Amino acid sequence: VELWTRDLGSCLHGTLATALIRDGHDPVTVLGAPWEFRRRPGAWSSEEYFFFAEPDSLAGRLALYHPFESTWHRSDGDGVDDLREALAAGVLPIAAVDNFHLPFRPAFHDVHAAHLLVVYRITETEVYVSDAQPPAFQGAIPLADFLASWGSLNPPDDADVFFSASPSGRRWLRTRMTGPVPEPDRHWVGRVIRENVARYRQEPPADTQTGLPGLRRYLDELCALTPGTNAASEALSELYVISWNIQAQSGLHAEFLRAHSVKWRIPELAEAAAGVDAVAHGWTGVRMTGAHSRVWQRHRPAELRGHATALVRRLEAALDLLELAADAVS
């Protein structure tokens, strides 16, 4: 059971990476090939692991180019027998947990937060959990502590406006690769890059804001709200939550491009990687101006608008560099 994460990543990519590594797959190729922006008004949940997946499964959307699928399960009762059966079938359950009830988490008995970890072994008295999020932990916790975390109400918490008020609900994710992975050859990487670019350039049809046009409209909508209002506060909470895993995917996609630049000695892939990382970095300015405004009432609409505009410009530049990369590999 391998701990895997990145400094831009959440428990979402981390837990899926652990599951993928167990089944002999390369998480950088599987989770790093896709790169997109989507925001559905009203879709977001106050969870560290929120990602807009519809119509795909959560794992399906995060591994768009692989036959990778997930199903959400809600366990009835007050025990862990459903997880015992999953482990016996060779599944690594990804459990919805509240950090408040996890003894190894900094948030233990301090702050409520909707989180994911991997369960890899269960005894009569202990649940063995794997959580790569700093500070990384792998080993046994008391059954009572796991049950408290897995069954947590995760009530609204003044110290966590982003990831509280989202019950664990004894939810767990079952992931499976439903066939052999595509060969990640030069032609495949070319097709992946061209499909990502085409999807970024495509105008969205309706209420779901997708790609470069969608991001422009989303950021314009955000910056139009009056700072300090209920509408602005809700919008900044949404921004911080959805942008974590969108930023994480940007970081992973840059790494995917760097990995293939080295393997094949194609400088265009490394140049495109720098472009994609500039988008990952551009998200920081937007997310953290938003976070400081939401939590500490540091209202800086000019700085937010500036970071938003820079992020859009970085994305425009990245798409052009990716087309040069696609030409070089295909």
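Numbers for residues come from their place in the sequence shown, where the first is 1.
Relative to one another, 220 to 228 and 143 to 151 have unequal mean CA B-factors, and 220 to 228 is the one with the higher figure.
Between 187 to 195 and 245 to 253, the higher mean Cα B-factor belongs to 187 to 195. Residue-level inspection of the entry shows that, of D158, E238, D131, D98, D158 has the top Cα B-factor. Highest C-alpha temperature factor among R298, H281, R38, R61, as the PDB entry reports it: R298. Among all modelled residues in this chain, the alpha-carbon of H13 has a temperature factor (C-alpha) in the lowest third.
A136: CA B factor lies in the middle third for its chain, per the PDB record.
Among all modelled residues in its chain, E303 ranks in the highest third by Cα B-factor.
Among the modelled residues of its chain, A107 has a C-alpha B-factor that falls in the middle third, as given in the PDB entry. When the CA B factors of the chain's modelled residues are split into thirds, the value for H66 lands in the middle one.
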